[PDB]
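This block holds the first chain(s) of the complex, placed as they are in the complex; more will follow:
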Amino acid sequence: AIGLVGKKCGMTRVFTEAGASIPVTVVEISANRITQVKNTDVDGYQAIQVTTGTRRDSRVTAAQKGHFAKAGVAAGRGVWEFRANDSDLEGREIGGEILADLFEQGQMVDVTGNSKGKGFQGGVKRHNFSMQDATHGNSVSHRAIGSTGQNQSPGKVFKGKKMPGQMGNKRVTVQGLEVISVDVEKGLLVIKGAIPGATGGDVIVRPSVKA
Amino acid sequence: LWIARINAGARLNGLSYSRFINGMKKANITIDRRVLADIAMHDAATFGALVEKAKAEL
Amino acid sequence: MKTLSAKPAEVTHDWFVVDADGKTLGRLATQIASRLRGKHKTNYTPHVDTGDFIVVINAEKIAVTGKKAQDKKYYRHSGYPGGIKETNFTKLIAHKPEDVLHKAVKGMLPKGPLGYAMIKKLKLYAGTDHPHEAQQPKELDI
């Protein structure tokens, strides 16, 4: 259940020999250097910690620099962790490498990302509220929220009420996405689907739990 | 508060408040609850003697 | 002559171990609440915490009489509409076996800052082993 960290490079299309469009997204995959292996005895749970990309020394703090030097890996642009079990901790030791060959062609994956931030948005967009009549006497309520409660009883707005809020820039997971192609030499993985987030952002690719 | 402290002392000495006061009244001991609580709080042996008298009267 | 208080600086809290195996939930909780409040001490004053430290082991083996194991229901509300959740005594002792005795003692103890302090004093541990060997408490039967 261990995955990998990549960079969204944008969307393109793959033609099938039958002449079928396959909309795909390309994720840049630098080798994921294992910086720490977590286990039940020391940590109480099993996981693999990895780093990817590159970070300059002026931006790498002394604590993080020592943490990386313990593993013997070059500092990346962030540290990530993957929940793992005994099977998945089989051959993964500190300082090892995880490449795109973790994933084989044609299988389902789940992709997690930071969705594009729309900023502070109204109910109509964020919650798909129906718009009120543009004409026929409407005054200041074309895009208004409308009623938020009933009366004295209860006399309060219920928790979880749908109201204008910040939309986007949140962790989003998409499941059941196929993997069209894998390139170890170029370190690039091609995944079917939207693969949430913007281009240039960090995306987490894991095997699908549903399978 | 005095009753609570007297109950605590009597139960430390092996007796409950409702029986300790009854034993006081049967022994004809007129010590008030304020003084009884003071004795229980600051002098354990004298309260033990009082409980002994009450238990002998019961 | 005046009636004096316990002067929190002068009160000492003793450590006792209570084995909850096979005891009645409410009848044990009343005694634990009394000990936590400090009602057994002659220096008891309502505004001072003069109680003891009660360590309870075998909390999952506490007993309830009748069909209360399957019929006693614990409710809670999440604060969201329709967010009323209900569990059983049996399922609660399977999931979080401490929470049964914790809830029973909480209901008995008074409500307020000082009640929060006394409930903080309470220590509950499942099983026959507790991490209080260092404290060296005294076995207590009640």
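Arrived safely. Residues are numbered from 1 along each chain as shown, chains lettered A, B, ... in the order given.

Once you drop chain neighbours, what's closest to residue 83?
Just so you know, I chose chain A. What sits nearest to residue A:83 in space, not counting adjacent residues and going by Cβ to Cβ, 6 or more residues apart in numbering or on different chains, is residue A:47, at 5.2 Å. To be clear about C-beta, it is placed using only N, CA and C from the backbone, and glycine gets the same treatment.

actually it's chain C I care about, not the one you picked
Closest residue in space to residue C:83, ignoring its immediate chain neighbours: residue C:77 at 5.9 Å, by Cβ to Cβ, 6+ apart.

Residues in a beta bridge with that neighbour, which ones?
Beta bridges link residue C:77 to residue C:84 when assigned by DSSP bridges.

now the strands for chain A?
Along chain A, the segments classed as strands by DSSP state E run A:4-15, A:21-28, A:32-38, A:47-51, A:79-83, A:97-98, A:108-114, A:119-121, A:165-167, A:171-183, A:188-192, A:202-207.

who's in contact with the fourth one?
Here strand A:47-51 makes contact (Cβ atoms under 8 Å, 6 or more residues apart in numbering or on different chains) with A:2, A:4-5, A:32-38, A:68, A:73, A:75-76, A:78-84, A:88-89, A:92, A:98.

coming back round to it: for the strands of chain A, state which one has the densest average packing.
Among these, the stretch with the highest mean neighbour count (mean count of other Cβ atoms under 10 Å in any protein chain shown) is strand A:47-51, at a mean of 23.

Tell me the buried residues in stretch A:81-98?
Within stretch A:81-98, the residues that qualify as buried by neighbour count (16 or more other Cβ atoms under 10 Å in any protein chain shown) are A:82, A:84, A:88-89, A:92, A:96, A:98.

wait, I meant stretch B:23-39
B:23-24, B:33, B:36-39.

again with stretch B:13-26
Under the neighbour-count criterion of 16+ other Cβ under 10 Å, stretch B:13-26 has B:13, B:15, B:17, B:20-21, B:23-24 buried.

contacting residues around residue A:200?
Neighbour list for residue A:200: A:7-9 [criterion: Cβ under 8 Å, 6+ apart].

any chance of those in TSV, with distance to chain C too?
Putting these into TSV (distance: Cβ to the nearest Cβ, whole Å) gives the following:
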residue	distance to chain C
A:7	38
A:8	35
A:9	41
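
put chain D on too:
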Amino acid sequence: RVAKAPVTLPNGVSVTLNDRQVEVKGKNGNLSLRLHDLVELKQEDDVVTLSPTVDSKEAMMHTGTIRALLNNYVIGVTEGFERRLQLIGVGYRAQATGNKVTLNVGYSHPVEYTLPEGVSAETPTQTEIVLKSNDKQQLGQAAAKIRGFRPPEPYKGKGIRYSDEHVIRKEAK
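Below is chain D, added to the chains above:
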């Protein structure tokens, strides 16, 4: 009455009570049950007697049920328990291999059933199934589970039925 009735032991069968557990050994197999606390077991040569610790309407019932269990176990271990199931219909056939029995019924997928420990199923012919068990409780539970998949029907009689039992018949139109 049942509790008063003393169980009769064959020479081969032997029963022992220790730590409030009853164990019966016979040639067919070994059967163990848990004795109820109110009930008490007394062993005298050639016979077993069950009596309650305290005399009450509550305890008489428990001693009686314990006596019934022990009598059933004694005779079952001595000879075993056999039950017969019948399949009615053109397309219904049952085949038993080893400890697993496969039954073919109206449903497209052939139902596969695995017998519990201590139960042996034999079929001299496909239509009729024979189940032999050390103890009646397991035999009845297995037979009920087998019956559950394809219960009888009152219009043509098709399904799985016990030979002893009778099926109500209903006439269409």
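
what do you get for the buried residues of stretch A:81-98 once chain D is counted?
Buried residues in stretch A:81-98, counting neighbours by 16+ other Cβ under 10 Å, are found at A:82, A:84, A:88-89, A:92, A:96, A:98.

Tabulate the CA atom coordinates of that stretch in CSV.
Only the C-alpha atoms of stretch A:81-98 are listed here, as CSV (Å, rounded to 0.1, in the frame of the first residue of the first chain):
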residue,chain,number,x,y,z
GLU,A,81,5.0,9.1,4.5
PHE,A,82,3.1,6.0,3.3
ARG,A,83,1.3,3.7,5.7
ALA,A,84,2.8,0.2,5.1
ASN,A,85,2.5,-3.3,6.5
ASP,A,86,4.9,-6.3,6.9
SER,A,87,4.6,-7.3,3.2
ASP,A,88,5.3,-3.8,2.0
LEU,A,89,8.3,-3.3,4.4
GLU,A,90,9.9,-6.4,3.0
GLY,A,91,12.8,-4.9,1.0
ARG,A,92,12.5,-1.2,1.8
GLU,A,93,15.4,-0.1,4.0
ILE,A,94,16.5,3.4,4.9
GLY,A,95,18.4,5.1,2.1
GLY,A,96,16.8,3.0,-0.6
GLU,A,97,15.1,4.1,-3.8
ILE,A,98,11.5,4.0,-5.0
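
Can you tell me what sits against that stretch?
Applying Cβ under 8 Å, 6+ apart, the set of residues contacting stretch A:81-98 is A:1-4, A:31-39, A:45-50, A:70-73, A:206.

again, but for stretch C:58-68
Counting by Cβ under 8 Å, 6+ apart, the neighbours of stretch C:58-68 from elsewhere in the structure are C:19-25, C:28, C:72, C:89, C:93, C:97-98, C:100-101, C:124-128.

10 Å instead?
Residues from elsewhere that reach stretch C:58-68 (Cβ atoms under 10 Å, 6 or more residues apart in numbering or on different chains): C:18-29, C:56, C:69-72, C:88-90, C:93-94, C:96-102, C:104, C:124-128.

Make a PyMOL selection of the buried ones in those.
The PyMOL selection below is limited to those of these classed as buried (16+ other Cβ under 10 Å):
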select buried, chain C and resi 18+19+20+23+25+28+29+56+72+88+89+93+97+98+99+100+101+102+104+124+125+126
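
before we move on, back to that, let me know the closest of the buried residues of stretch A:81-98 to residue D:90.
Distance to residue D:90 across the buried residues of stretch A:81-98 (Cβ to Cβ) is lowest for residue A:88, with 54.1 Å.

from chain D, which residue is nearest to chain B?
Closest residue of chain D to chain B, Cβ to the nearest Cβ: residue D:54 (35.1 Å).

Chain E follows; place it on the structure:
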Amino acid sequence: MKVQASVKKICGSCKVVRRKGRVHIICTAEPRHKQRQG
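Chain E added:
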């Protein structure tokens, strides 16, 4: 089966059984006569 506050035997074949503090009427002869209280 019929759910009703008042349950009574309809024939000699009918039998009264109590399960889980509930009154049930079961007769082998007839399926319809079977009743439950509640």
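
once more on the contacts of strand A:47-51, with chain E this time?
A:1-5, A:30-39, A:64, A:67-68, A:71, A:73-85, A:88-89, A:92-94, A:96-98.

Okay, the nearest residue to residue A:166 once chain neighbours are set aside and chain C: tell me how far apart.
If the residues on either side of it in the chain are set aside, residue A:166 comes closest to residue A:120, at 5.5 Å by Cβ to Cβ, 6+ apart. Distance, residue A:120 to chain C, using Cβ to the nearest Cβ, to the nearest Å: 24 Å.

Ok, residue A:114 next?
27 Å.

The residue nearest to residue A:166 reaches residue A:169, doesn't it?
No. With contacts defined as Cβ atoms under 10 Å, residue A:120 does not count as touching residue A:169, sitting 11.0 Å away.

what number of residues lie near residue C:78?
11 (other Cβ atoms under 10 Å in any protein chain shown).

Pull the contacting residues for it.
For residue C:78, the residues meeting the contact criterion (Cβ under 10 Å, 6+ apart) are A:159-160, C:84-85.

could you redo the last one with a cut-off of 7 Å?
By Cβ atoms under 7 Å, 6 or more residues apart in numbering or on different chains, the contact set of residue C:78 is residue C:85.

Pop out the phi and psi values for it.
The phi/psi pair for residue C:78 (degrees, to the nearest 10) reads phi -90, psi -10.

Kindly format the C-alpha coordinates of stretch B:44-57 as CSV.
Taking C-alpha atoms only, stretch B:44-57 is exported to CSV below (Å, rounded to 0.1, in the frame of the first residue of the first chain):
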residue,chain,number,x,y,z
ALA,B,44,-7.6,11.9,66.9
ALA,B,45,-7.0,10.1,70.2
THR,B,46,-9.7,12.1,72.1
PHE,B,47,-12.2,11.4,69.4
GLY,B,48,-11.2,7.8,69.6
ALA,B,49,-12.0,7.9,73.3
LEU,B,50,-15.4,9.5,72.6
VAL,B,51,-16.2,6.8,70.1
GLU,B,52,-15.2,4.2,72.6
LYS,B,53,-17.6,5.7,75.1
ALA,B,54,-20.4,5.8,72.5
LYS,B,55,-19.7,2.1,71.4
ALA,B,56,-19.7,1.0,75.1
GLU,B,57,-23.1,2.8,75.5
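
now it, how far from the chain's geometric center?
Here the centre of stretch B:44-57 is set off from its chain's centre by 7 Å, with Cα atoms, centre = their mean, to the nearest Å.

now swap in stretch B:7-26 and tell me
Stretch B:7-26 has its C-alpha centroid displaced from the chain centroid by 5 Å (Cα atoms, centre = their mean).

Please consider this matter closed, and thank you.
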